Amino acid sequence: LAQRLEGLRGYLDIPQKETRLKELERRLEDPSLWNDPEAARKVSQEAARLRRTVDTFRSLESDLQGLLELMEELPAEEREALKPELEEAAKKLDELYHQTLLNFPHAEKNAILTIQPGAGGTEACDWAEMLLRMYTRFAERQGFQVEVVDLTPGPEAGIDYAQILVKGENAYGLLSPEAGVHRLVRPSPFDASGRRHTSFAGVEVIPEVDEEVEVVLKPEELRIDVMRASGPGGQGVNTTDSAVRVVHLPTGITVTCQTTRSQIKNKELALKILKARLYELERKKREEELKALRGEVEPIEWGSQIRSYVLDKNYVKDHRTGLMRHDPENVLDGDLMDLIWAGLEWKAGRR
Amino acid sequence: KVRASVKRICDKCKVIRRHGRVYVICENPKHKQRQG
Amino acid sequence: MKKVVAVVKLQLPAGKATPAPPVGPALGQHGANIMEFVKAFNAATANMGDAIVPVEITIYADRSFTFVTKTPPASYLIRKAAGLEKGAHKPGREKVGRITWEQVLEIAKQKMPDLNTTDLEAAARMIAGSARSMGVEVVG
RNA sequence: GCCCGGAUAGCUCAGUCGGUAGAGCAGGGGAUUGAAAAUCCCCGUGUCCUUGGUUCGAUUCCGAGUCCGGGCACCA
RNA sequence: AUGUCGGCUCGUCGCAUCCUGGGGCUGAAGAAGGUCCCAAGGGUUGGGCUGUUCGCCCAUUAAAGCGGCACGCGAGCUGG
Ligand SMILES: [Mg+2]
Ligand SMILES: [Mg+2]
Ligand SMILES: [Mg+2]
Ligand SMILES: [Mg+2]
Ligand SMILES: [Mg+2]
Ligand SMILES: [Mg+2]
Ligand SMILES: [Mg+2]
Ligand SMILES: [Mg+2]
Ligand SMILES: [Mg+2]
Ligand SMILES: [Mg+2]
Ligand SMILES: [Mg+2]
Ligand SMILES: [Mg+2]
Ligand SMILES: [Mg+2]
Ligand SMILES: [Mg+2]
Ligand SMILES: [Mg+2]
Ligand SMILES: [Mg+2]
Ligand SMILES: [Mg+2]
Ligand SMILES: [Mg+2]
Ligand SMILES: [Mg+2]
Ligand SMILES: [Zn+2]
C-alpha cells in the first residue's frame with residue numbers, strides 16, 4: 001500500500017518510457033498534424049513526478065525515525081523546516097497513488113449496487129442479505145450518503161433483490177471492483193444437519209448519470225408530405241390534401257395519418273405517434289448502452305466467483321488478484337479499503 | 001458574398017459602388033460582398 | 001534587446017534543467033546543443049542561486065549561442081516576499097498576500113540593473129503595480 | 001376538438017346536509033413453529049390531484065388546470 | 001346544373017434550375033464535391049407494389065427538377 005505503491009505504476013517502466021516522450025518530441029518533424037504535443041508534457045509531468053514521489057517517499061522514509069530526534073528534542077526550528085514539507089508529503093504519498101488508480105472515465109459519480117442471490121436458493125438469499133449489510137456499513141462509515149432504492153425480502157430467508165444509491169465522490173470508482181460474483185462457504189444455517197454447502201451471489205455496480213428526459217425533434221430532423229386521402233368522402237376526399245405523412249430522416253421511421261379530414265389535426269396525431277415510436281428507439285438504445293455498463297460476465301452460477309468467503313476455515317480468497325485474508329468477519333462489516341485498491345490495480349492494469 | 005446588408009469585415013475593405021449595385025472589396029476573397 | 005538573428009528567450013529554474021518540456025526543443029529546434037547548455041547553464045545558476053533566471057539565448061548556424069542571464073521575473077521576488085505559491089487568478093480585488101512600500105523597494109534594487117530607470121522610486125513603481133498584477137496589495 | 005365520469009393510505013376501492021375519514025390488501029411489533037406459510041393478538045401513517053373563490057370554516061359547493069376513463073367528429 | 005380523383009392523349013407557360021453552358025467563394029492539391037450568382041435553348045428513362053396522387057423498391061442515367069394553366073385537358077378517351 002504505502003511501501004509497495006511504487007512498483008506497480010511503471011516504477012521502473014515509466015522512467016524509461018518517459019524519455020521516449022521527449023524522444024520523438026524534440027526534432028520538430030514538420031510538426032504538422034497536432035497529436036502527441038497534447039499528451040506530450042502532461043504525460044511528461046507524470047515522469048519526473050516519480051521523483052516528487054521518491055522525495056515524498058524519502059522525506060517520508062527519512063521520516064521513519066524523522067522524530068527520533070523529536071523523541072529526544074521537542075523544541076526547535078531546524079526540525080520544523082522540513083516538516084511543513086512532510087505533512088504535505090504523507091498526503092501526496094496517498095495522492096500520486098490513488099490519483100493514478102481512479103484515473104479513468106467517470107468514477108466520481110454516485111454508485112448503484114445491486115444484489116441478486118445466485119445459486120443455493122435460500123442460502124444465497126441470506127448470504128445476499130449479508131453482502132448487503134457489508135457495503136452499507138462500509139460506505140456508511142466511509143462518509144457516503146446511502147439511499148435505499150429497493151429491498152425485496154425473499155421467500156424463506158434473506159432477500160431476492162436489493163439496490164442502493166452511493167452518494168459521494170468516487171463512490172463508483174470504489175465500489176466498482178466489487179461488481180461481480182461473491183461466493184460463500186460455511187455449513188448451511190438453513191440445511192438440516194448444518195451440513196457444508198456453498199453459496200453464490202451477484203453484485204452489480206453502476207454510476208448515477210441520467211436525471212432528465214428530453215426528446216424534442218427539430219423540424220429539419222423530419223419531412224412532411226401531404227396527399228389526397230384514400231377512402232370515403234365524395235368531392236371532399238377527392239380534392240383535399242387531408243392525408244399527412246411525417247418521416248424522421250435519421251431513423252427512417254415514417255408515420256402516415258388520414259384519421260380526420262384535417263391536414264392539420266392529422267399532422268398532429270402523426271407526430272404524436274412519431275414521437276412515441278422515437279422514444280422507443282431512444283430507450284432501446286438508451287439501455288443497450290447503459291446495460292453494456294454492467295459488464296460482459298457473471299453467469300452467477302458456480303466457478304464464476306471473483307473472491308470467496310469461508311467461515312469454518314476463517315479466510316477470504318480473492319481469486320481475481322490472488323489475495324487471501326483470514327478475517328471474513330471483518331471484511332463482511334466494512335474492511336474493504338484493502339481489496340478495493342488492489343482490485344483496481346488488477347483492472348486498470350490493462351486499460 | 002451576396003445579400004441584403006452588405007457591410008465591412010476588415011480595416012481593409014472598400015465600399016465600392018459600381019452599376020447602381022453596392023459591392024464590397026477586400027484583400028481576401030472571403031469578403032467579396034455584393035448586394036441582392 | 002540588442003541585436004537579432006534567430007534568438008529564443010526563455011526562463012529557467014535552479015540547477016534543474018534539461019527536461020524537454022521547459023527547454024529541450026526550446027533551443028534544439030533552432031539546431032543547438034542541449035549538452036553545451038544543460039551544464040553550461042548550471043555553471044552560473046549554481047553560482048548565483050537557485051530560483052528562476054530569465055536567460056535569452058541567441059542562435060547562429062554553428063548551433064552556437066549567447067545565453068544572457070538576467071534577474072528573475074519581478075513576479076517572483078514579489079511572490080516569496082509575501083509567501084504565495086501561485087498568482088491569484090483574478091487580481092484587482094483579492095489580495096492573497098501583501099507587501100510593504102519598502103519590501104517593494106528592496107526588490108527594486110535587485111532588478112534596477114535590468115530596467116532603464118536609475119531612480120529607486122521610478123523602479124519601485126513599476127513593481128508596486130506588479131502587485132495589482134497578481135492580487136497582492138501594497139502596504140502603505 | 002366537443003360532451004360525460006373520475007383522482008382519497010403503499011395497491012384496489014367506500015364515504016358526508018360543508019366541521020368528521022374508511023375497508024380488503026400490503027407493511028411494522030409480538031405469539032405458536034425446529035424454521036418458514038397459514039393462524040392469533042397490537043398497530044399506524046393521508047393537504048382526500050393542482051390552483052383560484054365562496055364560507056366563519058371546503059375532502060366536500062362553485063372557476064380554471066393536469067393526467068387518466070367513456071361517447072361523438074356525420075352530408076358532401 | 002360551372003361533371004367531381006388518378007390514368008391516357010395533346011401540350012404550353014413560370015423559374016423559385018434536376019441535367020447540360022458560363023462564373024465568385026471554399027475548410028478549392030488534383031480528380032470529386034460544397035455554397036451562392038447568371039442562365040430555361042434543349043433535355044429530364046424503363047419497370048415492381050397500390051385506384052392511388054404520394055411514396056418505397058429494382059435497373060439505369062448527364063439529369064431522372066418543382067410548379068401554373070377550372071390542382072389544364074370526360075361536347076377528346078378511360079371509369080380503377
Ligand atoms: Mg430470485
Ligand atoms: Mg423485482
Ligand atoms: Mg358517406
Ligand atoms: Mg377543398
Ligand atoms: Mg390510489
Ligand atoms: Mg375531526
Ligand atoms: Mg381496514
Ligand atoms: Mg408479523
Ligand atoms: Mg413474526
Ligand atoms: Mg391509521
Ligand atoms: Mg350546361
Ligand atoms: Mg435564377
Ligand atoms: Mg477540382
Ligand atoms: Mg406501367
Ligand atoms: Mg397492380
Ligand atoms: Mg407541367
Ligand atoms: Mg382537374
Ligand atoms: Mg366503379
Ligand atoms: Mg364497368
Ligand atoms: Zn474586408
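**Comments concerning the protein's contact with RNA strand D**
Residues and elements named next belong to chain A.
- Close to RNA strand D lie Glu156, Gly233, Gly234, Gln235, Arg261 and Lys265, which account for all nearby residues.
- For RNA strand D, the fraction of protein-proximal atoms (within 4 Å) that sit in sugar or phosphate groups is 73%.
- Between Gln235 and RNA strand D, the recorded distance is 2.8 Å, taken from a backbone N or O atom to a sugar or linking oxygen.
- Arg261 places a side-chain nitrogen or oxygen 2.8 Å from a phosphate oxygen of RNA strand D.
- The residue makeup of the surface near RNA strand D, split by class, is no nonpolar, 3 polar and 3 charged.

**Observations regarding the UniProt feature "binding site: Zn(2+)" in chain B**
All names here are of chain B.
- When the UniProt feature table is mapped onto this chain numbering, "binding site: Zn(2+)" sits at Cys10, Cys13, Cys26 and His31. In terms of the greatest pairwise C-alpha distance, the residues named above, spread along 22 residues, form a tight cluster of at most 8.3 Å across.
- Here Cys10 is to be found in the loop between β1 (2–3) and β2 (13–14).
- By relative accessible area, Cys10 is classed as partly exposed at 24%.
- When neighbours within four sequence positions are excluded, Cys10 is seen to be in contact with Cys26, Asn28 and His31.
- With respect to the helices, strands and loops of the structure, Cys26 is situated in strand β5 (residues 25–26).

**Things to note about the pairing of strand β7 (residues 201–207) of chain A**
Residues and elements named next belong to chain A.
- Where burial is concerned, most of β7 is hidden: 6 out of the 7 residues are buried.
- As paired elements, strand β1 (residues 111–117) and β7 share 7 bridges and run antiparallel to each other. Within β7, the residue paired with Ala111 across the bridge is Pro207.
- Direction of pairing for strand β4 (residues 180–181) relative to β7: antiparallel, over a ladder of 2 bridges.

**Quick notes on the interface of chain C and chain A**
- In this complex, chain C contributes 9 residues to the contact, which on the side of chain A involves 7 residues.
- With both sides pooled, the region where chain C packs onto chain A buries about 600 Å², and carbon together with sulfur makes up 57% of that total.
- It is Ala20, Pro21 and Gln29 of chain C in chain C that bury the most area against chain A; as a group they hold 64% of the surface buried on that side.
- At the boundary of chain C and chain A, one finds 0 salt bridges.
- Applying the counting rule to chain C against chain A returns 3 residue pairs in polar contact.

**Details of the protein's contact with RNA strand E**
- For RNA strand E, the set of nearby residues contains 16 residues, the closest of which are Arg228, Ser230 and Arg245 of chain A together with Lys1 and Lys30 of chain B.
- Across the atoms of RNA strand E situated within 4 Å of the protein, the share located in sugar and phosphate is 64%.
- Between a sugar or linking oxygen of RNA strand E and a side-chain N or O atom of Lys1 of chain B, the distance comes to 2.7 Å.
- Within the contact set of RNA strand E, a base oxygen lies 2.7 Å away from a side-chain nitrogen or oxygen of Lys30 of chain B.

**A look at the nonpolar core**
- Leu131, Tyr135, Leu175, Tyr309 and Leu336 of chain A are the most contacted members of the largest nonpolar core, which totals 35 residues.
- Secondary structure elements with two or more residues in this core: β1, α4 (122–141), β3 (161–167), α5 (171–174), β7 and α9 (337–348) of chain A.
- In terms of residues, this core owes the most to one element, α4 of chain A, which gives 7 residues.
- Those residues in contact with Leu175 of chain A that lie beyond four places of it in its chain are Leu113, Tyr135, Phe138, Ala139, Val166 and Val205 of chain A.
- Residues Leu10, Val53, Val55 and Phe65 of chain C belong to the second largest nonpolar core, which totals 11 residues.

How each quantity is defined
- Residues numbered from 1 in each chain as written, not as in the entry; some residues may be left out.
- Chains lettered and ligands numbered in written order.
- Part of a larger assembly, values for the part shown.
- Heavy atoms only, no water.
- Near = heavy atom within 4 Å.
- Polar contact = N/O pair within 3.5 Å; in protein donor to acceptor, adjacent residues only side chain to side chain.
- Nonpolar A, V, L, I, M, F, W, Y, C, P; charged D, E, K, R; others polar.
- UniProt positions renumbered as here; feature names shortened; annotations may be inferred.
- Helix = DSSP H or I, 4+ residues; strand = E, 2+ residues; numbered from the N terminus.
- Buried < 20%, exposed > 50% of the residue type's maximum accessible area, 1.4 Å probe, protein only.
- Contact = heavy atoms within 4.5 Å.
- Pairing = 2+ DSSP bridges.
- Buried area = accessible area lost by both parts, 1.4 Å probe.
- Salt bridge = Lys/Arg side-chain N within 4 Å of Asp/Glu carboxyl O.
- Core = buried A, V, L, I, M, F, W, Y, C linked by side-chain atoms within 4.5 Å.

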